[PDB]
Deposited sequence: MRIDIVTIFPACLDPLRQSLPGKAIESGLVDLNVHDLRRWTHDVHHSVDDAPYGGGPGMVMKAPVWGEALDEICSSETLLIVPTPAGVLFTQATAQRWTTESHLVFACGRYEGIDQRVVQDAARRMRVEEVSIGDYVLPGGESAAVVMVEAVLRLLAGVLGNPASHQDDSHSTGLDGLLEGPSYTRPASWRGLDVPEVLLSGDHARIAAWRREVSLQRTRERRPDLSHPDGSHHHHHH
């Protein structure tokens, strides 16, 4: 797989060079590229942002600088991923289907976001997905991109109940006797019950 990440903060994607994402690149399975958006600016200040039309707080990421960036990087086979709090939610279903792609481009937005037309224009030649990682507000799209990339890369290099290891008794807390029984069907029966219960208390919607 080929992954290109476009951002004003390349260093924010350095965890992708560590642990399993790093093992995926070193195995030669994934080719990761992280680009500074400012490499496509031609002004003396390397401005990527500007004042929003219709006013409002914050700044808006310039469409022509992004347009130039994505014009060189993308092709008609590219899946352009635009992380945004306005997108559809990222799930494991999304991670699983992204493993069937040869080229993923992550257009990481800063300030108030990216000029909407970048997405409309890109959709003329390639598929585009606007995706949120959850119901919370982040200052940028780089942390979201790390999350999405390691979840895809986890499958590439191929509610949960509680886990216990040695010792059997620790600080007055004993490992449930059932996990020391040797009855594999009984162990499975318990794990289902505890998971089902944990699911009702924390995520009844699931």
- Unmodelled ranges, which are counted on the deposited sequence from position 1 and given in order: 159-178, 227-238
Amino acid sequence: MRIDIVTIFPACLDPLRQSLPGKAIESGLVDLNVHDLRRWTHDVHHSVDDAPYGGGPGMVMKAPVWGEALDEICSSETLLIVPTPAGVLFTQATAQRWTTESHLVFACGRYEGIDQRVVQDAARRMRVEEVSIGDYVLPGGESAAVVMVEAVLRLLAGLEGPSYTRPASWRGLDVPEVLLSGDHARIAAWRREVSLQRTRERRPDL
From here on, numbers count along this sequence of modelled residues.
- Task: Output the stretch having the higher mean C-alpha B factor in the entry; the candidates are 5-13 and 192-200.
- Result: 192-200
- Message: I need to verify one thing: averaged over C-alpha atoms only, is the B-factor higher for 175-183 or for 33-41?
- Response: 175-183
- Query: Which of these has the highest Cα B-factor in the record: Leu138, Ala157, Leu70, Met148?
  - Reply: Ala157
- Within-chain third of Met59 by Cα B-factor, per the entry: highest
- Note on the structure: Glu101: CA temperature factor from the record, placed by chain third, in the middle
- Note on the structure: So, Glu26's CA B-factor, relative to its chain, sits in which third? The highest
- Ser143, C-alpha B-factor rank within chain (lowest, middle or highest third): lowest
- Sorting the chain's modelled residues by C-alpha B-factor and splitting them into thirds places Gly113 in the highest
